Each structure stands twice: as structure tokens, then as C-alpha cells.
2 protein chains.
Amino acid sequence: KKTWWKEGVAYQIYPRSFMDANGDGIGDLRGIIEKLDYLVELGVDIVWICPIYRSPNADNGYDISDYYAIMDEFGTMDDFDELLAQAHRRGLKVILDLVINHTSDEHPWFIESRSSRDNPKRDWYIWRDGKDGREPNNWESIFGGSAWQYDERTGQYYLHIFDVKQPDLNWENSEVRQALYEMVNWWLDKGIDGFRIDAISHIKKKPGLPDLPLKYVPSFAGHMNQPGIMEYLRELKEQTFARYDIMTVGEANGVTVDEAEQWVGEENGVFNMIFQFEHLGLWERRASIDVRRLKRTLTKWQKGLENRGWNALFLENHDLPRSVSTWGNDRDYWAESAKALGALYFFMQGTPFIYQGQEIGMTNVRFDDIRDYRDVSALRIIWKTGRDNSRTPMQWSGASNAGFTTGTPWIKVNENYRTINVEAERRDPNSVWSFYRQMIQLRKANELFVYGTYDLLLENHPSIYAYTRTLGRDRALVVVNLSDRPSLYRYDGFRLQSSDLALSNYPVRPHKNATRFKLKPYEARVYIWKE
Amino acid sequence: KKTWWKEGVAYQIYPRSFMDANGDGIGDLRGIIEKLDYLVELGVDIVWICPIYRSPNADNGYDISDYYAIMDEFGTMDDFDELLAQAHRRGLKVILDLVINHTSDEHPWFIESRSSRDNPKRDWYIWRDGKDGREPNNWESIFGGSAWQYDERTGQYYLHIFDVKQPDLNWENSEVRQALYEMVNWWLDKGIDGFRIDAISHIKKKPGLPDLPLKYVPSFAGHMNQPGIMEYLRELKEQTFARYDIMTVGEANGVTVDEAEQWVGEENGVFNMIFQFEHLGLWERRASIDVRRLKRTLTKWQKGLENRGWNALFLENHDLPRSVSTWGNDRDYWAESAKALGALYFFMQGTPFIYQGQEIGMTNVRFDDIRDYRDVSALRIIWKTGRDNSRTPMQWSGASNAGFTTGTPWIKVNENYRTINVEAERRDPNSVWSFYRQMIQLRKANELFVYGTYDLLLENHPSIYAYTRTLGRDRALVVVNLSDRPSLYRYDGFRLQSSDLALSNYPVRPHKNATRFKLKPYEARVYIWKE
Ligand SMILES: [Ca+2]
Ligand SMILES: [Ca+2]
């Protein structure tokens with residue numbers, strides 16, 4: 001089954017740090033509009049814009065106070081309508097986040113709900129009396145502490161799996177579901193091309209909210225992927241998504257490759273593709289990431305969803321440090337490792353996602369003062385694992401503040417922008433950006449990277465990650481040396497010819513009938529041929 | 001200087017528990033309108049309505065999100081306009097709370113302020129960088145913890161003397177002051193007759209917000225009654241209050257009787273009258289409140305503000321337990337003590353305030369289940385000192401829920417409403433209500449209780465609190481036996497005649513030339529004569 005979403009390349013935008021069109025230091029919608037030509041030039045075709053809905057912003061915008069309104073600092077609904085029009089003119093698809101497990105406590109529905117024990121919206125959230133001076137149950141919040149928050153307006157507590165300011169919607173209530181489907185369809189009718197569904201795995205709560213088998217106990221057994229969830233998700237799909245030509249992206253949170261077919265299966269699957277995070281975070285050993293464990297994790301998803309679902313491929317996001325600075329080497333092999341990592345995940349079976357700046361090799365930021373950081377998490381290892389590493393402003397040129405703003409950025413631009421920036425990288429044919437553009441060009445010109453089946457080679461090799469892609473008589477070999485030291489590639493399965501080398505991060509060296517060769521640090525090669 | 005505010009009797013309404021006109025269990029504005037005739041019948045003429053402004057209600061409505069709007073559960077601005085019209089038709093004055101030291105963090109001004117380090121409203125609040133990973137200074141919040149709250153949107157902290165959801169307004173900023181005066185005048189032009197000013201003693205912060213001489217240190221030395229505060233308060237008065245015929249009521253928080261003249265002095269005094277709280281809370285001894293300490297506390301204000309200011313007299317409010325249940329005896333001498341307490345504070349020099357239910361002798365509520373309580377404070381002694389004691393619904397009749405609502409009250413009615421309720425008390429000429437009505441009648445018919453000077457008698461007596469009121473040849477003696485056991489009144493200063501007894505809570509017994517007599521438990525007498 002051939003589809004645009006399987007064949008597309010997605011680009012993830014964190015609006016606040018992408019492009020500031022009005023000089024107030026905050027990226028906005030007009031900023032994005034100014035960069036649609038850039039997205040086209042790069043080659044991507046699906047644009048995922050992180051939360052832009054009205055929000056008190058207590059939870060990086062995932063605490064929505066109005067689903068039908070744009071966050072003031074990003075612009076107006078007119079700006080958004082204009083964005084879709086301009087994006088569609090260019091052949092681009094636009095998807096937004098769908099956060100429907102909860103709303104902000106400042107959402108008008110919760111404000112009415114919390115006012116009294118009997119108002120039309122009381123049942124829209126999860127209210128319960130406590131147990132003699134204590135919370136309704138022993139459930140802990142994913143955000144630490146009780147999942148219950150006492151409310152003095154009524155004497156009862158409301159459930160909040162996430163932040164205190166994120167009360168959970170009562171999916172048991174048909175009125176809630178219907179209001180949510182009307183909201184989804186409103187966006188779909190407005191013209192968006194799909195959504196990235198967030199935390200929907202918690203919409204179904206265990207039937208009497210009983211104590212779980214300890215101040216507060218991690219509560220996943222009472223609200224995550226609970227039986228009956230599929231009833232809500234299938235209804236969500238039939239009432240909304242199924243009525244349009246869109247794409248939905250989910251996450252395999254607490255979902256094994258086997259249970260993932262119920263979420264992303266092509267016939268009866270709530271979502272079209274899914275992200276998995278089992279590969280996130282890999283500390284280096286004495287001698288130097290654990291490539292074999294990476295091969296295993298990524299390979300089970302490749303083989304596991306083959307003809308059963310579709311993988312959403314990625315290395316970066318707004319909640320992670322930069323890939324070149326974590327998986328690669330930003331000190332000695334900056335460009336090489338960035339390109340290597342890019343070839344590695346980009347060419348697998350699935351739809352690749354490029355996070356803003358990943359295509360130019362943005363790295364972690366190392367501010368000396370804790371005050372230059374933002375995310376409350378850091379303030380409470382920052383240089384290496386911090387979320388801000390992916391939230392510093394996008395590096396467009398060597399201009400003041402990397403061309404991001406004419407004002408003062410809400411967070412400082414990484415000092416390496418004079419070198420790492422779009423303008424300079426597009427002039428350099430050996431830049432990380434140019435490598436990315438060639439990768440996008442390769443995948444578009446060779447559908448074997450889209451529908452070809454993945455097969456891992458040299459599984460036990462400690463440094464080389466090599467895999468093939470097969471579609472009929474069309475084959476390709478993606479070989480990557482994930483280490484800062486050379487490595488011998490040795491595989492008597494096929495003879496590699498230099499005329500078949502479609503892409504490499506190192507110059508194409510002469511070689512005929514090669515079954516072995518030394519790979520330079522972070523050397524990555526992509527061979528394509530036809531048997 | 002004779003004025004309506006000095007001659008009036010004020011009645012304090014806690015809107016949420018006064019009268020529910022629409023059956024949702026929450027008192028509202030229409031409820032108040034239905035009871036204006038009642039207020040007239042009782043005899044009061046100034047109506048103080050507690051916070052009714054739009055508020056996320058995180059701080060009992062003192063966290064205002066919109067000063068130009070009414071809290072949804074209380075009604076609409078039309079209801080409020082109608083309330084003023086109906087109140088004024090009846091000759092009643094209406095005052096509201098003025099909370100201008102801070103606003104809610106959900107107030108549109110703070111939402112703009114917190115968005116970026118440079119927006120027109122950034123300076124409207126108190127933002128500062130922290131000190132290497134910690135708060136800008138060591139200041140503690142009146143509400144425990146740091147007076148600073150980190151905000152991840154900018155990396156800076158905002159000052160909040162009160163709750164986290166109550167960021168402090170920057171009085172240093174003339175734009176803030178001007179916006180506040182426009183707001184005050186808007187209300188004054190709408191027709192209100194004055195305000196009860198709340199926490200304004202904190203508007204002036206010490207000039208560089210330095211550390212005070214310990215996790216966090218109580219911070220009163222950095223923001224309370226700080227030099228320069230009078231500059232703001234005098235400007236507030238000239239730009240607003242001085243342009244209308246209204247009354248302003250303040251509080252002597254951290255203000256001695258000597259410093260109080262600068263706040264309530266008649267020529268240059270920011271407020272017309274002031275509440276003092278030095279008398280609040282008096283535990284009983286082995287044998288039984290400390291009447292002498294009460295005599296001293298109340299007497300310094302009486303003599304201290306004589307010809308220098310004006311006292312706002314009271315025994316109850318929404319933050320206190322009921323007076324009969326704390327100062328009196330609600331078990332054996334319920335009615336006697338209620339009337340005694342009433343005569344005691346009511347007839348002093350100043351403007352008396354009657355809190356809703358005080359006039360019928362409402363008592364503390366003793367719910368067995370902590371769940372029937374509301375104020376978060378209780379949940380964190382409740383039967384005796386709880387705030388809810390004054391927030392249970394007003395007792396109008398012996399009807400379902402005391403006639404307060406036709407629905408389910410937001411908090412339960414005290415089980416004693418079948419007896420303690422307006423309907424029943426108005427039928428009973430020996431009820432606490434009837435006593436209150438006679439007290440109001442007495443004060444209106446004898447201006448000596450308004451402008452007459454107060455003088456304490458028998459200061460060293462352990463149980464009897466006796467004082468006189470003198471205006472020219474018109475004199476009165478208010479004598480009260482504050483104890484559940486009889487007491488001998490003995491004073492050779494004047495001979496009391498039974499024909500001069502204007503009011504008593506016990507039958508008028510025959511006596512001529514009495515310089516001594518035994519007073520029954522909680523017996524209170526008010527003699528009026530002309531020398
Ligand atoms: Ca902007
Ligand atoms: Ca009501």
C-alpha cells in the first residue's frame with residue numbers, strides 16, 4: 001500500500017525557536033511562513049509544528065486552555081490559515097499535536113467543572129472524594145507526588161496523571177468524546193494534514209480507580225494502555241481521522257513491537273506510523289557507544305513492523321539533546337558523525353523526521369551560567385542531557401543572533417552559529433546540510449528506501465552498523481562506522497563496486513570487487529545497484 | 001466632622017454563602033438583591049461584599065484575573081449594576097474590596113508580562129535574575145517558601161509576597177499606578193460607594209530588594225509599610241477616592257495606634273476608617289477569657305484614634321471562627337453571650353460591622369468528616385479555629401438548607417439552622433436578631449454612640465467590661481459581664497436608675513440609686529441618661 005505519508009520526509013518545528021518574524025525574540029507563525037521556501041529547497045514535505053494552541057504554558061504548551069485558538073506569542077489564526085495556504089501551494093503537508101488526555105486547568109471546561117459538584121461539566125474531568133483526610137487512591141503523578149489535587153471550591157480532588165495544571169479529561173463521558181471529535185474535525189476542516197498524537201496511552205483509567213499494590217505509587221497499571229483504550233481510539237479514528245486523507249503519528253510508550261500492531265496496523269490501526277524510544281540515551285563505554293544494542297533495538301522495529309505497520313524514524317526532538325553531540329562526536333568528527341548519523345537512521349524503512357537544526361548539525365549548547373538555561377528541569381549533566389540543547393534558536397545565517405531575530409532571543413543562540421548556520425552550509429557542498437539534501441534527493445529518486453525491506457548485516461560487529469534495503473531487483477547497502485577509530489568492513493555476501501556508491505561522507509576511493517575495506521572514523525556509505 | 005460613614009452600620013457579605021438565587025448551591029448577586037429589604041429591616045446601611053471579581057479563585061478570590069468583570073458563579077455585571085440601583089433606591093451604600101498589591105498570574109497583564117523579557121508589561125511586575133542557581137534574594141513568602149517563583153519562559157523569577165498565583169504589581173512603575181487609578185475610577189463611576197482596601201501595606205518594596213538579615217527569611221522588613229508607601233497612597237487618594245463621596249476601610253497590619261494617624265487621620269489620611277486585629281484570638285484560662293487584656297487592646301484604639309481617626313468595629317469575618325463560639329458560650333449561654341458580645345463591641349466609638357449571620361448568633365460548625373470542610377488550611381482545632389465556621393450558608397429560615405438554596409450548598413449548612421435562622425428569630429422578640437435590631441435602633445436614635453467619646457470604667461475588674469459614651473449632656477453606660485458566672489458590678493461614680501436602662505439582654509429588674517448589683521452570666525446593660 002503506497003501512500004504520501006510513507007514516502008514523505010517530515011521536518012519538526014519548535015515554533016518558539018525556529019524563526020522570529022516580529023522581533024520580540026520568540027519564533028512565530030509568520031517566521032515559519034518566511035521559511036517554507038527553505039523547507040522546499042531542503043526537500044522535506046511534511047511539516048510538524050509543536051504546540052501552538054492557547055496555553056498558560058505551564059507544560060511547554062501541552063497544557064491547552066483553548067483548542068480553537070493560537071498562542072498569542074506565535075501569531076493569530078489568520079497567520080495559521082495563511083501558513084496552511086502557503087504550505088499547501090508548495091506541496092507541503094502540515095501536522096500539529098493532538099493533546100487530548102488532558103487540558104489546562106485554565107481551560108474553560110475545567111473552570112466550569114471545578115466550580116461546583118453539579119454543573120454540566122463536572123463529569124468532564126475525574127473528581128472523587130478523598131479517603132479520610134487523604135487522596136482518593138495511592139496513585140503517583142508521572143510528574144512526582146500525588147495524581148490527585150485537592151480543590152477547596154468543592155472539597156474533592158481531581159486526577160492529573162501529568163502536571164497539577166493538566167487535569168485529565170474523562171474519556172468515559174460521551175460528551176467529552178464528542179466535544180473532542182468536534183474539535184479534531186474543526187482542525188481537519190480548517191485544512192491541516194494530520195496530527196502527532198501525544199500521551200493518548202493514558203486516556204483509559206482502570207474502572208474504580210483502586211489503590212495499586214510507599215507515599216504514592218507509580219500509577220501506570222491504573223491508567224496506561226488499559227483495556228478498553230482501543231474502544232476510544234477506534235471511535236476517535238472513525239469519527240475523525242478516517243474521514244480525511246491525513247496522517248497520524250503515535251508513540252510506542254509502554255508498547256512492545258508485538259502490541260504495536262494494534263496501534264499502527266494498516267487495516268485496524270489507530271495511527272499510520274509510530275515513534276519508539278527504546279534507543280534513546282546511550283552512554284559511551286571504555287571503548288564508543290554500544291552499537292550492537294542499537295542494532296538490536298532498531299532492527300526489532302524494522303523487522304517487527306514490516307508489513308504490519310510503519311515506523312516514524314528520528315534521532316532528535318525538543319526533549320532531547322542533539323544527536324551529533326550525544327551519538328556522534330562534535331569535537332573531532334563533527335561533520336562526519338552528523339552525516340554518519342543522518343545516513344544511519346534516515347535510510348531505514350519508515351518515514352524520517354528531521355528536527356529543526358539537525359540538518360545543519362546543530363550541537364548541544366554549553367552555557368556557563370545556569371541562568372541562560374530555561375527548562376525548570378535543568379535548574380532543579382545539563383551540558384550533555386539538557387532539553388535546551390534543542391531549543392536554542394535555529395541557525396539561519398552568520399547575522400546577528402544567527403538571523404533568528406532582530407531582537408533579543410528568548411534563549412541565547414549557540415555561539416557556534418557563525419559556522420553552523422544554513423547560509424554558510426548551503427554554500428558549502430561538503431556541509432552537513434548538503435549531505436542531508438543529497439539524502440533527501442536519494443530517497444525520492446529510489447523508492448527502494450521507502451518500500452524496500454530492511455535486513456541487518458554483520459549483526460555482531462562491534463562498530464559497524466550495516467543494513468540492506470531490498471525492493472525487487474533494486475538493492476542498497478547502507479554501511480556506517482559508528483566510532484572515532486577506523487574499522488574493517490568484511491562481508492563476503494556481495495562484491496561492492498565504486499560506481500554503485502550513491503552517497504558517502506568521505507571521498508569515493510577506487511575499489512573493485514571489494515568484500516573488505518577499512519572505514520574511516522564515522523565513514524558512511526550508501527551503495528545502490530540492481531541485480 | 002459628621003459623615004454618613006461614621007454614622008452607618010456596615011454589614012459584611014460573603015457572596016458564596018449568603019443567598020443562592022439560581023439553585024446551583026453558590027450564593028450569588030441575585031441572591032443579595034433578594035435580601036436588600038432584609039438589610040433595610042435589620043437596619044444596616046453599608047453593604048460590604050467580599051471579592052466578586054473574575055478570579056481563578058486560588059486565593060478565596062483575592063487573586064484577580066479581571067478587575068472589570070464579575071466572577072461567573074456570582075452573576076453578571078448587569079446583576080451588579082442592578083444590585084447597586086436596588087441598593088441605592090433603599091438608601092444603602094455598597095463597598096467592595098480593592099486588592100491592588102497583586103493580581104492573579106492569569107491576569108492578562110501578567111500573561112503578557114511573563115511572555116518575554118521585553119514586552120510593554122514586563123515592568124508591571126517584579127522580575128529579577130536569580131543568584132547562581134538560587135532566588136534573587138532570601139525573602140520568604142507570607143504563604144511559606146520563597147517569595148520568588150522561577151519562570152521557565154524567560155529564566156527569571158517574579159516576586160510574590162502572597163501566593164505563587166499572586167504576582168506583585170510594580171508600584172514603582174507609573175504605568176501600573178495609572179492603570180490602577182483608571183480601574184478604581186471605573187468602579188467609582190459605575191456607582192459603588194467605597195472600598196475595603198486589602199493588603200496595600202505591601203505595595204512599597206525596599207529599593208534594591210536586598211537580602212534581609214535560614215532557608216528563607218520572613219520578609220516584612222523588605223515590603224511592609226516601607227518608606228515611600230505614603231507617596232503611593234496619597235497619590236491613590238488624590239487620583240481616585242478624593243474625587244467622590246465614598247468611604248475607604250483599611251487595616252492596621254503592623255501599624256501601631258500611633259502610626260495609624262498617617263493612614264486614617266482625617267485631613268491627610270488615606271483611609272476613612274481602619275480595622276485592627278490585636279484582639280483576635282483569646283484562649284480561655286483556668287477561670288474565662290482575659291477580659292482585662294481585651295479592655296486594654298480595645299481601649300488603646302478608642303482613646304488612640306479619638307479626634308485623630310476612626311475605628312471600624314468588628315468581631316467576625318470570613319477568616320474567623322464565630323464570635324459567640326469563641327468569645328462567648330454557645331453551649332449554656334448561647335443567646336446571652338451573643339447579645340453580650342454584640343452590645344460590647346457595637347456601642348464603642350466607630351463604625352460597626354456585622355458579618356453575615358452574626359446578627360442571628362451563628363456558631364461554629366462541627367462537621368465530623370474533614371471532607372465536609374473546604375479551606376485547604378483545615379485539611380493540612382478545626383472545630384474551634386476554622387475559617388469554614390464563617391462560610392457555611394447564611395441561615396434564612398427553617399426550610400430545606402436554611403432557605404439558602406434549592407440545590408445542594410457548596411458547603412453544608414450548620415445543623416442548628418432549624419433554630420438559628422432569620423425567619424424564627426424575627427418572630428421571637430427575645431432573639432439575638434431582635435437584640436441586634438434594637439442595638440441598631442439605639443445607635444440611630446442616639447448620636448452619642450456615634451460621636452460620643454469613650455471612657456473605660458473599672459479597668460482592673462477581671463470580668464466586667466464597662467465603658468461610657470459622652471456627648472455634651474448626653475451620657476451612656478455600656479456594662480457587660482463577660483463570664484459564665486455572675487459578677488458584682490460596683491462603681492461609686494454615678495447612681496444607676498432602671499428608667500434609664502435603654503437595653504439589656506436580661507429583664508429590667510427594679511433598682512434605684514444602684515452603685516452595685518450582681519450581673520447574671522453574660523448580662524449586658526446599656527443605660528442612657530442626660531445630665
Ligand atoms: Ca515573534
Ligand atoms: Ca447561585
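In what follows, chains carry the letters A, B, and so on, assigned in the order in which the sequence lines appear, proteins first and then strands, with residues in each chain numbered from 1. Read the numbers this way: they start at 1 and go in the same order the structure lists the ligands and their atoms.
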Is a salt bridge present between A/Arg30 and A/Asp28, judged by a nitrogen-to-oxygen distance below 4.0 Å?
no
What about B/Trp127 and B/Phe110, are their ring centers closer than 6.0 Å?
yes
Looking at the Ca ion (ligand 2), is one of the N, O or S atoms of B/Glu73 less than 3.0 Å from it?
no
Any N/O/S atom, backbone or side chain, of A/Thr405 lying under 3.0 Å from the Ca ion (ligand 1)?
no
May I ask you to check if any N/O/S atom from B/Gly25 comes under 3.0 Å of the Ca ion (ligand 2)?
no
Using the ring-ring contact (aromatic ring centres under 6.0 Å, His included) rule, take B/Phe195 and B/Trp187 through it: C-alpha gap first, then chi angles, then the decisive distance, then the call.
CA-CA 10 Å; B/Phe195 299 95; B/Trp187 287 95; 7.9 Å; no
Please find out if the Ca ion (ligand 1) and some N, O or S atom of A/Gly27 are separated by less than 3.0 Å.
no
Test side-chain hydrogen bond (donor to acceptor under 3.5 Å, both in side chains) on A/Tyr125 and A/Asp105 and set out the steps.
CA-CA 10 Å; A/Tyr125 297 83; A/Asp105 59 340; over 6 Å; no
The atom of A/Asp28 among N, O or S that is nearest the Ca ion (ligand 1) is OD2
For the Ca ion (ligand 1), find the closest N/O/S atom on A/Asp24 and give its atom name.
OD1
Looking from the Ca ion (ligand 1), what is the angle between O on A/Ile26 and OD1 on A/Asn22, to the nearest 10°?
160°
Take A/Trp410 and A/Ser17 through the test side-chain hydrogen bond (donor to acceptor under 3.5 Å, both in side chains) and record every step on the way to the result.
CA-CA 8 Å; A/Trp410 71 278; A/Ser17 304; 3.1 Å; yes
Restricting A/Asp20 to its N/O/S atoms, the closest one to the Ca ion (ligand 1) is OD1
With the threshold set at 4.0 Å, does a side-chain nitrogen-carboxylate oxygen contact exist between B/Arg391 and B/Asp319?
yes
